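A short write-up of the structure that comes next.
As a convention, Cβ positions derive from the backbone with ideal geometry for all residues, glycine included, and neighbour counts pool all protein chains shown. No value in this document is a laboratory result; all are computed from the given coordinates.
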Number of protein chains: 8
Amino acid sequence: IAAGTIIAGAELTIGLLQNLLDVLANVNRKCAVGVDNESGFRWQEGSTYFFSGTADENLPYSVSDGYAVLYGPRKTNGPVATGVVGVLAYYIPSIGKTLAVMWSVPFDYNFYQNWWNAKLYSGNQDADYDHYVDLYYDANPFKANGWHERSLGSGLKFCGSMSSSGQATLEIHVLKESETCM
Amino acid sequence: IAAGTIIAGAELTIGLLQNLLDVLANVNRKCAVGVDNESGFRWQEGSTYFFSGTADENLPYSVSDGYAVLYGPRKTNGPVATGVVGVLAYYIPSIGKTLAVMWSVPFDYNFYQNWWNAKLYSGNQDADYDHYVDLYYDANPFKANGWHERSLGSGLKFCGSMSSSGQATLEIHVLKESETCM
Amino acid sequence: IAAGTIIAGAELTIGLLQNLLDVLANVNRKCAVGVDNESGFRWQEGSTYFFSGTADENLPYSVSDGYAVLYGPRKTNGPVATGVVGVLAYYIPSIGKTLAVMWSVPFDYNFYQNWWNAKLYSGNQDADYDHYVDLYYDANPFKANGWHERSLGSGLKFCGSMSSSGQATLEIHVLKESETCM
Amino acid sequence: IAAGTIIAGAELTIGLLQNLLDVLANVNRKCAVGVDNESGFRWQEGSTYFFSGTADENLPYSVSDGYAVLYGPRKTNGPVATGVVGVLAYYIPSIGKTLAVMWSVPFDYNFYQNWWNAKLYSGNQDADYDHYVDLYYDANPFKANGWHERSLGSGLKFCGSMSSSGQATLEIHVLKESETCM
Amino acid sequence: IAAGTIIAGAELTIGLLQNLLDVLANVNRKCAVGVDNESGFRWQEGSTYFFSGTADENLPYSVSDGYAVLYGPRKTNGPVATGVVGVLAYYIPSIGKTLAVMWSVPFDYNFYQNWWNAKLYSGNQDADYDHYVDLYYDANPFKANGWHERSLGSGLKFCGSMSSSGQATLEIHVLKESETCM
Amino acid sequence: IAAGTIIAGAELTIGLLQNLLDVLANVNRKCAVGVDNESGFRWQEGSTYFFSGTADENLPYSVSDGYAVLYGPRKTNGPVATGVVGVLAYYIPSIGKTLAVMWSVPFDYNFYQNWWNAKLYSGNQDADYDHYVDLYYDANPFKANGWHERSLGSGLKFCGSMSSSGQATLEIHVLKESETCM
Amino acid sequence: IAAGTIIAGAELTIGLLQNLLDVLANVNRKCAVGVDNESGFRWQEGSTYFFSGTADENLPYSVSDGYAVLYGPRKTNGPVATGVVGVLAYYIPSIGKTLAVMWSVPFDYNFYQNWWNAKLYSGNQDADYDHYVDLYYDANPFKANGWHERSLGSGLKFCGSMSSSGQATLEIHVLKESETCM
Amino acid sequence: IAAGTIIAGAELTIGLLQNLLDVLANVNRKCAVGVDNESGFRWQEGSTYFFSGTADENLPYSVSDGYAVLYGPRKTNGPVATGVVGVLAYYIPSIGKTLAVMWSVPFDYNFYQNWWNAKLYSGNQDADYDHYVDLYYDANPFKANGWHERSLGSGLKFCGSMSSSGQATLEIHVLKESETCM
Ligand SMILES: CC(C)CCC[C@@H](C)[C@H]1CC[C@H]2[C@@H]3CC=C4C[C@@H](O)CC[C@]4(C)[C@H]3CC[C@]12C
C-alpha cells in the first residue's frame, strides 16, 4: 500500500510545481521606450544597462536632429519572477553632457509600481548602476500617471509619459527649453 | 487506504481552484474612451488616474481643435476580480480650467452598473482620487442608457453616451454651448 | 473505502455542472436591428433600454433624412439563461414626438417567441420599462413571420420584418404615409 | 464496493448521452431557396412560415421584374431531431394573387424525402400552416429528382429543381406561360 | 467485483463501435461528372436518379451548343457503407431522344469497381431505375481504365474516361459522329 | 480478478492494432509522371493500367506536338501496404504504333526499388497487364539513378529520369532520334 | 494480481518505444546542393547516387553556361537513423570528362561531421559507389568550415562552402582557372 | 502489490525526464551577426569556426566596399545544454591581413554573459580555435552593454554593439580610421 500514496503525492507535487513555473513563465513584462530627439543636437555612442530584463534588438548608435530612439526591452524568459528595469544613455558632444533615460516595470505590483526618469549628466559616461540608483532614488522619478515635463539645463528640457501596466509604453520628447512640448 | 482519499481530495480541490482562477482570469472588462474636441481650444498636459484597471498605450499630450482622444483602458491581467474605473484630465489654458472625464465599468453587475461623467474644474490640476469621488458621488453621473448632454460653463458643453456592457464604449463630444451636438 | 465513492461522486457532479454551465454559456442570442430613416425628418437624442441583454457599441446620436440606425445587441456573457429584449428611442423635433422601437429575442423558445414593435409617443421621452411593457403588451407586437406595415400618425408609417431565430435580424423602414415601402 | 460500480455506470451513461446529443447537434439540414422573378410583375409583402427550422436573415419585402429571392433557412440549433420545412409567400397585385413556395428537407430519410411545390392562391394571404398542408398534401409536390415545370394560370408558369440531400438547393424560375424556361 | 468488468467491457465495446462508425463516416466516395456538349443541339429538362449517394447542387436545366454539365455527386453523410451510383438524363428535342449518362463509384472495391456508360433513348424520358439497370447490365459499361468512344445514332457519338479511384472524375464529350474527339 | 486483465490485454491489443493501421495509412507513395511530346506526331486514345495504386484525375485524351502529359497516380487510401505501379499508353497513328510508359514505386524498399521504362508497341493496343510484365521483366527497366536515354525506332527516342524516393517524380521527353535531349 | 503488472509493464515499454521511434522520425537531415556552372561548357547526362537518403525532385538533364543545379536531397522518412550522403555527376563533352560532386550529412555527429568534395574524372561515367569512396576517402574532402577552392585541370577550378549543421546548404561555383571566384 | 509501485515510479521518472529534455530542447540561443564593410577594401575567402552551435546558411565568399555580412548562427537542435559561440574570418588582400569577428551567446547566464570581439591578424589565416581563445581571453572582449569602438591598424577601425539576451543581435561597422561611425 504505502509507496502508492508516496508516488501519488509526488505526482500531485509536480502538478503544483508545473502550474507554478508555467504561471511565472507566462507573466510578461515589457517597456516600449520611445525617446524623440527635438534637441537640435546629434546624440551618439548609445549605451544601455539592465538592473532586470533585457532587449533582443540593438539600440541605434546615434540619433540625429528630429529622429527617434524606438527601443524594446522585456523581462528574462522562463519562470524568473523579475521585471524589466534599466538605463539608456547617449553622449551629446554639442553641449559636453550625456542624456540618461531610466524605466522600471516591476514584476510584483503589491510592492512596486511603474517609474521612469531622465537626467543630463556632465561629460561622456557609459550607462551603469550608479545612474540607475541616481535616476531611481537620488532624483525624483515619475509615477506613470500621464504627462510630465522637466528642464535639463544647457537650453534643453523633456516632456514624457508612461503607461501604468506591465506591458508598458514610455514616450519622451527631448526639446529646446524655449519650445512647446508635443 | 486513508492517504489515498486525502490525495484524491487534494486533486479535486486543485481542480476547483484551477477552474475558479481560470474563470476570474477570462472575465474581461474594458472601456474604449473617445473624447472629441469640438471646443475651439487646445487641450494639453494630459493626465490619468485609475481606481481599478489600467491602459497599455499612452494618452496623447494634447488635443487640437477638431481632433480626438481615443484611449483604451482595461482590467488588470489574471484572476483579479476588479473592473476598470478611472479619470482622464486635460488642462485648457484658453479658459484657465481642466476638463476631467470619468468612467466606471465594474466587475460585478449585481452590485454595480456602468457609469460615466465629465466636469470642468478651476485651474491646472493633475487627475487623482479627489476627482474620481467627485465625478462619481458629489456630481450626478450618467447610467449608460444612451445619449446625455450637459453644460460646462465658460461657453462649453458636452454630449456623450456609454454602452451598458463589460466591453464598453464611451463617446463624448465637447462642444461650444451655442452649437448642435454630433 | 467509503470516502473514495464520495470524491468520485463529487467529480461526477462537477462533470455535470461544468457541462451545464458550458451549454448555457454557448447558447447565444442576438438581434441585428436596422432602422432606416425615410421619414423626411432628423432623429436625435438616441436612447436605449434593456429588459435583458446588452450592446457593445453605442447607438448614434442622430439619424438624418435617408440614413440608418444599424445597432447590434446580444445576451449577457456566461451561463445567464436570459435572452435579448429592449427598446430603442429617438426624439423627432419636426413633429414633437419620439419613435420607440422594441425587440424581444427570448432564451427559451418553448415559453416564448421572437416579437418586435414600434410606436410614436408624444413629446421628448427617454427609453425605459414603461415603453417596453407598452410596446410588448398594451399595443399589438409582430410575430417574426415576414413583413408587416403600420401607420404612426403625423404623416408617418413603418414597414419591417424580423427573422424567427435566436440570431435575429430586425429591419424597419420608417416612411412618409403617402409613399411605397422598400 | 457497490457504489463504485454505480458511479462508473453513471459515467458510462453520460458518455452515451453526450455522444447522442453531439450527434443530433452536428446532423445539419438546410435549404438554399432561389426564386427568380421572370414574371413581368412586381412581388411584394413577403411572408414566411416554418413547420420546422428557421432563417437568420430576412426575406426581402419585394422582388421587381428580373430580380431574385435568395433565401437561406436551416434546422434549429442543438440536438432537436427536426428538419427544415416551410412556406414562402408574396402578393402579386398586378394579377390579384399570392405566389406561395414550399420546401421540405426532413431529418430522417428512412421515413421521408426532400419535397417542394409552388402555387398561386387567390387574393392577398399571409404564409401559414393551411398553405403548408395544401402545398404538401392537397396539391402534388415534386420529388427532388431534377427539373419540373407547371402552369399557375393568369399567364404564369414556373420551372424548378431541388437537390436530393440534407444540404439542399431549391431553384425556381417564375415565368410568363408563353416563354421558354431557364 | 463482477459489475466492474461488465462496465469495463461496455466501455471497450463502445470504444470499438466509435472507431467503427468514425471509419465508415470518413471513408469518402464522389464522382465529379463533366459532360461536354459538342453535339450541335440544345439539351433541356435535366433529370437525375441516385441508386446510392446524392448531390448538394442542382443539375442545370439546359446545355446549349459548346457548353458543359459540371455536376458533383457524393455518398450519403455518416457511417452508411454505400457508394455513389446514379443516372443523369437530358432531352434533345432536335432529334427526339434523351441522352442518359450513368456512373458507379462503389463503397467496397473487393466486390465492385468504377463503371460508367451513356446511351441515347427514344422520346422524352425522366431519369429512373430502369435506365440504371439498362446502362449498368443490359448495355456494356466502361471499366475506368482510360479513354473510350461509342456511337449514339442520329449523327452523334461520345468519347469519355473515368478515373479508377473512390474520388472519381468522369469526363464525357458528346460530339457529331463525323468529328474528331477532344 | 481475472476478467480485468483480459479487458486490459484487449485494450493493449487494440492500442497496438490502432498504431499499426495508422502507420500503414500514413505511409504514402506517389509518382508525378510527366511525359513531354517533342515527337512531331499527335498522340491519342490515352489509356492506363494499375497493378497497384490509382489516379484521381483523368489522363488527357490526346497530346499534340510540343505538349505534355502531366499525370498524378498515388497508392490506395487506408492501411493497404501496396505501392503505386502502372502503365500509361497512347496510340500514335502517324507511325501506326502505341507508346507505353511504365513506373513502379513500391511500398517496401527492402524487397524492391523505384523502376520505370517506356516502349513503342506495334498497332493500336489498350494499356494492360501484358505491357506491365513486358516493360518490367521482358525489357530492361531503369533504376531511378538519374537520366537515361533509349531509341524507340520509327525515327523516335526518349530520354528521362526518376527520383529514388516514395514521393517520386518521373520525367520523360519523347523526341525525334536526330535531335538533342532536354 | 501478477498479470496486471505484466500489462502495465507492456504499456510502459510501448510508451518508451513510441517516444524512441517518434524521436528518430523527427530528427531530420537534408542538404540543399547548389552547383553553379561558370565553366564555359555545357554539362549533360545528369546522374546521382545515394549512399544514404534520397531526393523527391529530379536532377536537371543539362546545365548551360551561366546556369545552376539547385538540388534538394534529404534522409529517408520514418525512424531510419541514417543521414544523407551521395554523389551527383554530369558529363562535360567539350573536355571529355565528368564532374562529380559529393556531400555527406551524417545522422550521428559524435562519430561523423559534414563533408563535401568535387572531382573531374576521365570519360563519360555514371554516378556510383566507386566515386563516393574516392571523393570521401581516396581524395581529400572539405570540413564544412567556410569557403574552399581547388583546381580540376582542363582549364577548370571550383570554389565552394558547406554549412556545419544537419540542415545543410552546399554551394559550389565551377569556374575557368583564370577567373576570380564568386 | 510491489511491482505496481515500481512501474508507477518508472512512469513518474520518465515524466520527469520527458519534461527535462523538452525544457533543454525549447531553451533557444542564436546570434544574428551583421558585419558592415565601410572599409574601402574587398573581403574574401570567408571562413567560420564554432566552439558551440552552428549555422544553416553559408557565409558569403566575399564582401565588396559598402556591402554587409548578414549571418545567422544558432545552438544545436535537441536537449544539448550548450550556447552559440564562434569565429568568422575574412582575408583582406589590399592590406595583407585577416579580419576575425567573435561572438559568445552562452546557455547558462549564471556562469557566463554575452561577449563579442574583433581583431585584424597578419596574413591569410583560416578561422579556428586559436582565434577563439585569443579573441575571448588574450584580447579584451565587449560586454553586450551598448556601442563600443576600437582601432585595427592599417588605417581601419570598427564600432559595434551586441544585445544582452539569448536571442542576440551583433552589429559591427568596419570603417576607415579617419571617418565617423554609423
Ligand atoms: C536513466 C536513469 C539512469 C536516470 C539517470 C539520469 C541521467 C542518466 C539522464 C537524465 C538527464 C540526462 C542528461 C540531461 C541532458 C544532457 C545534457 C546534454 O548536453 C548531454 C546529455 C545529457 C547529459 C543527458 C544525459 C543523460 C541524463 C543525465
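Rounded to the nearest 0.05, what FRET efficiency is calculated for E:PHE51 and E:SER122 with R0 set to 22 Å and r the Cβ-Cβ distance?
Plugging the Cβ-Cβ distance into 1/(1 + (r/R0)^6) gives 0.45.
Summing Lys, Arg as +1 and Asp, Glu as -1, what charge do residues with Cβ under 11 Å from the Cβ of H:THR82 carry, H:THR82 excluded?
+1
Sorted by average packing, counted as other Cβ atoms within 10 angstrom per residue and highest first, what order do E:84-91, H:161-168 take?
Going from most to least packed, we get E:84-91, H:161-168.
Taking the Cα centre of region B:28-176 as origin, work out the dipole magnitude from +1 charges on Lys and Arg Cβ and -1 charges on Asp and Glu Cβ, in debye rounded to 20.
260 debye
In whole Hz and in residue order, list the ³J(HN,Hα) couplings for region C:63-77 that follow from phi through the Karplus curve 6.51 cos²θ - 1.76 cosθ + 1.60, θ = phi - 60°; x for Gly and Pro.
10, 7, 4, x, 9, 10, 6, 9, 10, x, x, 8, 4, 4, 5
Springs between alpha-carbon atoms under 10 Å, Gaussian network over chain G: tell me which of G:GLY72, G:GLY53, G:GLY155 tops the mean-square fluctuations.
Its mean-square fluctuation being the largest, the pick is G:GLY155.
So which of B:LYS75/C:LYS75; E:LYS30/E:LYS143; A:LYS176/H:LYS143; B:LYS143/C:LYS75; B:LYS30/B:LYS176 end up more than 25 Å apart by C-alpha?
A:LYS176/H:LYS143; B:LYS30/B:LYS176
Please give the average number of partner chain Cβ atoms lying within 10 Å of the Cβ of each residue in F:12-23, rounded to a whole number.
If you average over the peptide's residues, the count of other-chain Cβ atoms is 2.
Determine which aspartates and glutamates satisfy two conditions relative to C:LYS119: a Cα distance under 20 Å, and not lying fewer than 8 residues away in the same chain.
C:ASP36, C:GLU38, C:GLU45, C:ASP65, C:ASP128, C:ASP130, C:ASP134, C:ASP138, C:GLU149, C:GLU171, C:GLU177, C:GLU179
What angle, in degrees between 0 and 90 and rounded to the nearest 10, separates the Cα long axis of helix E:2-26 from the longest principal axis of the Cα atoms of chain E?
10 degrees
Restricting everything to alpha-carbon atoms, can you work out Rg to Rh for region F:1-62 with a Kirkwood hydrodynamic radius?
Result: Rg/Rh = 1.41.
Mind checking G:73-86 for the average number of partner chain beta-carbons within 10 Å of each residue's beta-carbon?
What the average comes to for G:73-86 is 1.
What relative contact order, as a whole-number percentage, does chain C give when Cα pairs under 8 Å and 6 or more residues apart are counted?
22 percent
Considering Cα pairs under 8 angstrom that are at least six residues apart, work out the relative contact order of region A:37-81 and quote it in whole percent.
It comes to 45 percent, rounded to a whole number.
State the answer as a single residue: which of H:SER165, H:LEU135, H:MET182 lies farthest towards the positive end of the charge dipole of region H:119-182, with beta carbon charges of +1 for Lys and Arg and -1 for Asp and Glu, about the Cα centre.
In region H:119-182, that residue is H:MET182.
Loop only by DSSP, 15 or fewer other Cβ within 10 Å of the Cβ. Give me the GluC sites (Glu not before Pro) in region F:120-182 that pass, ordered by residue number.
In loop regions of region F:120-182 (DSSP not H, G, I, E or B), the sparsely surrounded GluC sites (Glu not before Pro) are F:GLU177, F:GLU179.
In a shell of Cβ-Cβ distance under 10 Å around F:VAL63, excluding F:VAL63 itself, what net charge do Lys and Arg (+1) and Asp and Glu (-1) give?
Charge balance in the 10 Å sphere: -1.
For peptide C:142-148, what's the mean number of Cβ atoms from other chains within 10 Å of each residue's Cβ?
Average per residue, whole number: 6.
Taking the Cβ of E:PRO106 as the centre, find all other residues whose Cβ is under 14 Å away and add up their charges (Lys, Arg: +1; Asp, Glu: -1).
+4
Once both labels are modelled 7 Å past Cα along the beta-carbon direction, what's the D:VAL23-G:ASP138 spacing in nm?
For D:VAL23 paired with G:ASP138, the spin-label model returns 7.0 nm.
Considering the dipole of the protein assembly as shown built from charges on the beta carbon (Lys and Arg +1, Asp and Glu -1) around the Cα centre, which of D:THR5, F:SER62, C:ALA32 is farthest to its positive end?
Farthest towards the positive end: D:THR5.
Kindly put B:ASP130, B:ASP65 in sequence by how many other C-beta atoms sit within 10 Å of each C-beta, fewest to most.
If I rank by nearby Cβ atoms, fewest first, I get B:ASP65, B:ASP130.
Return, in residue-number order, each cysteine of the protein assembly as shown whose C-beta is not under 4.7 Å from any other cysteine's C-beta.
Singleton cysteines: A:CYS31, B:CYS31, C:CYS31, D:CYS31, E:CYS31, F:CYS31, G:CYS31, H:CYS31.
At F:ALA2 and F:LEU16, where each label point lies 7 Å from the Cα along Cα→Cβ, what is the point-to-point distance in nanometres?
So the label points at F:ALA2 and F:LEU16 sit 2.2 nm apart.
Considering only DSSP beta bridges where both residues belong to chain E, give the percentage that are antiparallel (nearest 5).
Antiparallel: roughly 85 percent of the beta bridges in chain E.
Roughly how many Å is it from the Cα centre of region E:50-102 to that of region B:1-60, as a whole number?
That distance is 58 Å.
Compute the separation of the alpha-carbon centres of region B:116-145 and region E:103-182 and state it in Å as a whole number.
When both Cα centres are located, 82 Å separates them.
With N set to the number of residues, divide the alpha-carbon radius of gyration of the protein assembly as shown by 2.2 N^0.38 Å and report two decimals.
That works out to 1.15 for the protein assembly as shown.
What does the convex hull of the alpha-carbon atoms of chain F project to on average, in nm²?
12.0 nm²
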